[PDB]
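Asks: I'd like to ask you about the structure that follows.
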Amino acid sequence: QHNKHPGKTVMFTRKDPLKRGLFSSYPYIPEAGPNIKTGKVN
Amino acid sequence: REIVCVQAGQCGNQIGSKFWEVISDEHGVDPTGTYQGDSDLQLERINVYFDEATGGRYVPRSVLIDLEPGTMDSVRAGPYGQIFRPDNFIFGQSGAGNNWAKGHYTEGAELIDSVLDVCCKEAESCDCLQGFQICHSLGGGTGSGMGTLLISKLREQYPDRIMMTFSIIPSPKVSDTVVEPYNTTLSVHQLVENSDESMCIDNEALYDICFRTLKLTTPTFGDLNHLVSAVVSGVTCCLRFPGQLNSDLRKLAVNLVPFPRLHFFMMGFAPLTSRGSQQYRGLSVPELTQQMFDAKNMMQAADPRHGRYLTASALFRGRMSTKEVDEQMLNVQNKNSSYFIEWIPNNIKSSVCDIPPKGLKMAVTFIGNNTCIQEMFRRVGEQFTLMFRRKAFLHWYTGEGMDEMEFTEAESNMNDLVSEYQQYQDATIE
Ligand SMILES: Nc1nc2c(ncn2[C@@H]2O[C@H](COP(=O)(O)OP(=O)(O)O)[C@@H](O)[C@H]2O)c(=O)[nH]1
């Protein structure tokens, strides 16, 4: 029998692990009188 | 920023021979010593490991010490043996006998003066000296005794530099030497006071690496020593080539050691690919990271799942984005948060270098500081106590002149190191 390393794999990763490629995202927050009178007269 | 190498004993001389073959290949140095390389990037840092002799030649900054010249005759007869300076070979006339007391006290005091004169001549020649690098086994006789003697003398001479050791440690399943527990315990006692950073390798882990990962049909010690030479030449790569995030041996020490006694690390090298499967997996930073954390790729018997990481370091070689490195290190820290010590906010340091090793698109070397190393010392202390209570082979050491009190000091110091690791593993914020 061949001997073995006594350590088993636990840590796992993946490619492109971030959400939508962004580290973090901000939440959405919603949102007188009469004038002077004159004219031609006589 | 120059490194000085010391090779001691049979294991040290053989690993050194393979290391200098790998380094001469990466910088394009002919075995005659003539530069025949093809890029200025190779020449501009050649001084880091080679001194220049007249009319083109380069000589390697290494001291070879052994008590019987048989191994040295084998390395001088080897294909690159001519490069070594004849005056750099120091030898006695009788072997160490695998006995620590003989190697440290009788032939040690006889030869040590010539080794210190060669080491001082080699160190002073540097324009600015970086730390020393030593390769030896702890289970042997001249490796353990002369390595720890020379380390103590160099620490007296050059206390402000770095002291780095690569060390072979006894396998948990089969011994290569019967008196291994005494030599290992006394050597670890010497190292914890004198050393700044120490890497430990089990031959059993390299055998399992070769058979399971590389599926080699008939491996030889040249392959194991090539894997070791690859990681050894990789840790220093950022010292001697340009990159987007430079790093240095002192920066690794400053980021890896939280407290001065906790300086023992695990080592790994990632791009090992099986002899018939390269078509099944493309090179990528996630693939290197996945192999990087797989315990199958670690060169020690202890497993991370029984401990916690205080700190870790990854050095990347190749043309790659910094975003992928940072997000991979964040994703691994976030997804496996229970295996990282919580009172440190980030345990991994990253570094990026532009020039990969020849024939590989990318490579990374991994250094890890994990509390599971306490399990190895506890096993060695158990075997030491079993042998010492019955005086199993003690008359050799006592007949050479050792006081029994030295054995109790080394046992107490190793037991306190195990206790300190156990206390830091179970510490809490409160
Ligand atoms: N990886 C590796 N281990 C070796 C080599 N030669 C010896 N060893 C190991 O080192 C230990 C023997 O120590 P040794 O070098 O003989 O001590 P010395 O007698 O003082 O030189 C055993 O565990 C061997 O398996 C080698 O070339 N490579």
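Rule-based calculations on the coordinates, nothing more; no lab input. Please note: Cβ atoms are built from the backbone with ideal geometry, for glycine as well, and neighbour counts cover all protein chains shown.
Asks: Counting each DSSP H run of 4 or more residues in chain B as -39500 (n - 2.57), what helix-only mean residue ellipticity at 222 nm follows after dividing by all residues, to the nearest 500 deg cm²/dmol?
Replies: Numbers: 15 runs with 180 residues, N = 430.
Theoretical 222 nm ellipticity from helices: -13000 deg cm²/dmol.
Asks: Further question on the same structure: Projected onto the charge dipole of chain B (+1 at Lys/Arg Cβ, -1 at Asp/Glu Cβ, origin at the Cα centre), which of B:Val325, B:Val174, B:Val59 gives the Cα projection farthest towards the positive end?
Replies: Final value for the positive-end residue is B:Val325.
Asks: Per 20 Å bin from zero, what fraction in whole % of the C-alpha pairs of the protein assembly as shown is there, up to the bin with the longest pair?
Replies: With a bin width of 20 Å, the distribution comes to 22, 55, 17, 2, 2, 2, 1, 0.
Asks: Report the local net charge at B:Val6: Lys and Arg +1, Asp and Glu -1, summed over other residues whose C-beta lies under 11 Å from its C-beta.
Replies: Spelling it out: positives minus negatives among the neighbours equals 0.
Asks: In addition: Just grab the label-to-label distance for B:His395 and B:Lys251, each label 7 Å out from Cα along the Cβ direction, in nm (one decimal).
Replies: Taking the two extended label points, one gets 5.7 nm.
Asks: Applying 1/(1 + (r/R0)^6) with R0 = 35 Å to the Cβ-Cβ distance of A:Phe23 and B:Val178, what FRET efficiency is obtained, to the nearest 0.05?
Replies: Numbers: r = 57 Å, r/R0 = 1.62.
For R0 = 35 Å, the calculated efficiency reads 0.05.
Asks: Still on this model: Would you tally the net charge around B:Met329, using a Cβ to Cβ cut-off of less than 13 Å, leaving B:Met329 out, and scoring K and R as +1, D and E as -1? Numbers along the way, then the final one.
Replies: On the way: positive: B:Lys323, B:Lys335, B:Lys349; negative: B:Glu324, B:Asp326, B:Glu327.
Computed value for this residue: 0.
Asks: Would you tell me the mean number of C-beta atoms belonging to other protein chains that fall within 10 Å of each C-beta in A:13-21, as a whole number? Please list the in-between numbers first.
Replies: Working: counts 13, 6, 8, 4, 8, 4, 0, 0, 2.
Mean partner-chain Cβ count within 10 Å for A:13-21: 5.
Asks: Moving on to the next point. Tell me the net charge near B:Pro31. Cut-off is 13 Å between Cβ atoms, B:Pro31 excluded, with +1 for each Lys or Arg and -1 for each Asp or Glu. Show your work: numbers first, answer last.
Replies: Values: positive: B:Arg57, B:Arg76; negative: B:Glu21, B:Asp25, B:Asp30.
Spelling it out: positives minus negatives among the neighbours equals -1.
Asks: With label points built 7 Å along Cα→Cβ from the Cα atoms of B:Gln422 and B:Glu52, find their separation and express it in nm.
Replies: Rounded to a tenth, the inter-label distance reads 5.7 nm.
Asks: Using 19 Å as the Cα-Cα cut-off, could you pick out the over-long pairs in A:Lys19/B:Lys335; A:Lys4/B:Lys173; B:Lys323/B:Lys349; A:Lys4/B:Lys349?
Replies: On the way: A:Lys19/B:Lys335 14 Å; A:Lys4/B:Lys173 10 Å; B:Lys323/B:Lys349 14 Å; A:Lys4/B:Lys349 30 Å.
A:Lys4/B:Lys349, as the Cα separations exceed 19 Å there.
Asks: Based on the Cβ-Cβ distance from B:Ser125 to B:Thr213, what FRET efficiency comes out when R0 is 30 Å, to the nearest 0.05? Show your work: numbers first, answer last.
Replies: Working: r = 41 Å, r/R0 = 1.35.
About 0.15, to the nearest 0.05.
Asks: Also, quick follow-up: On average over all directions, what projected area in square nanometres does the range B:283-331 have, based on the convex hull of its Cα atoms? If you can, show how the numbers build up before the last one.
Replies: Details: hull surface 16.6 nm².
Computing the convex hull of the Cα atoms and averaging its projections yields 4.1 nm².
Asks: Work out, in µm²/s and without decimals, the Stokes-Einstein translational diffusion coefficient of chain A at 10 °C, 1.306 mPa s, Rh from Kirkwood over C-alpha pairs. Could the numbers behind the result be given before it?
Replies: On the way: Rh = 19.8 Å.
So the translational diffusion coefficient is about 80 µm²/s.
Asks: Next question. Hey, could you get me the Stokes-Einstein D for the range B:226-358, Kirkwood radius over alpha-carbon pairs, 20 °C and 1.002 mPa s, rounded to whole µm² s⁻¹? Walk me through the numbers before you get to the answer.
Replies: Working: Rh = 16.0 Å.
Calculated translational D: 134 µm²/s.
Asks: Per 10 Å bin, what is the whole-percent P(r) computed from every C-alpha pair distance within chain B?
Replies: Percent of Cα pairs in each bin: 4, 21, 32, 27, 13, 3, 0.
Asks: Let me ask you something else. Straight-line reach only, C-alpha to C-alpha below 19 angstrom: list the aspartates and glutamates that A:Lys15 could link to, leaving out same-chain residues fewer than 8 apart.
Replies: Reachable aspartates and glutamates: B:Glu287, B:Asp294, B:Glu324, B:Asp326, B:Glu327.
Asks: From the C-alpha coordinates alone, can you work out the Kirkwood hydrodynamic radius of the range B:287-430, in Å?
Replies: 18.3
Asks: Let me ask something additional. Could you tell me the distance between the Cα centroids of the range B:195-269 and the range B:123-155, to the nearest Å?
Replies: One Cα centre to the other: 18 Å.
Asks: Oh, and also: For a protection proxy built on the mean count of beta-carbon atoms within 10 angstrom, sort B:416-425, B:320-329, B:367-376 highest first, please.
Replies: Working: B:416-425: 15.3, B:320-329: 16.8, B:367-376: 21.5.
Highest mean packing first, the order is B:367-376, B:320-329, B:416-425.
Asks: To continue, here is another question. Taking only the C-alpha atoms, wrap a convex hull around the range B:154-213 and report its volume per residue in Å³ as a whole number. Walk me through the intermediate numbers first.
Replies: On the way: hull volume 6.0 nm³, N = 60.
Given the Cα convex hull of the range B:154-213, per-residue volume reads 100 Å³.
Asks: Related question: Using only alpha carbons, build the gyration tensor for the range B:66-206 and give me the equivalent ellipsoid semi-axes, biggest first, whole Å.
Replies: Details: eigenvalues 110, 76, 51 Å².
They are 23, 20, 16 Å, listed from largest to smallest.
Asks: What base-10 log of the normalised intensity I(q)/I(0) is obtained for the range B:1-119 from the Debye formula, alpha carbons as equal point scatterers, at q = 0.11, 0.14, 0.19 Å⁻¹?
Replies: Log10 of I(q)/I(0), two decimals: -0.40, -0.62, -1.01.
Asks: Then there is this: May I ask you to sort B:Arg155, B:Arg317, B:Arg61 by Cβ crowding, counting other Cβ atoms within 10 Å and putting the fewest first? Numbers along the way, then the final one.
Replies: Numbers: B:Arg155 16, B:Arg317 24, B:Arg61 21.
With the sparsest Cβ surroundings first, the list reads B:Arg155, B:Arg61, B:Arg317.
Asks: How many Cβ atoms of partner chains, on average, are near each residue of B:193-205 if near means within 10 Å of its Cβ? Walk me through the numbers on the way to the answer.
Replies: Values: counts 0, 0, 0, 0, 0, 0, 0, 0, 0, 1, 0, 4, 4.
Mean shielding by partner chains, rounded to a whole number: 1.
Asks: Considering only C-alpha atoms, what is the centroid distance from chain A to the range B:322-378, in Å?
Replies: Distance between centres, Cα-based: 30 Å.
Asks: Let me know the mean shielding of B:316-328 by other chains, meaning the per-residue number of their Cβ atoms within 10 Å of its Cβ. Provide the component values of the computation, followed by the final result.
Replies: Working: counts 0, 0, 0, 0, 0, 0, 0, 3, 2, 0, 1, 5, 4.
Across B:316-328, the average partner-chain Cβ count within 10 Å equals 1.
Asks: In chain B, what % of DSSP beta bridges are antiparallel (nearest 5)? List each step's numbers first, then the result.
Replies: Values: 18 of 51 bridges.
Of the beta bridges lying entirely in chain B, close to 35 percent run antiparallel.
Asks: Once you have a ≥ b ≥ c as the square roots of the Cα gyration tensor eigenvalues for the range B:239-302, tell me rounded if a/c is under 1.5, and otherwise prolate or oblate according to whether a/b is larger than b/c. It would help to have the intermediate numbers written out before the result.
Replies: Numbers: a/c = 3.06, a/b = 1.51, b/c = 2.03.
Oblate, because a/c is 1.5 or more while a/b does not exceed b/c.
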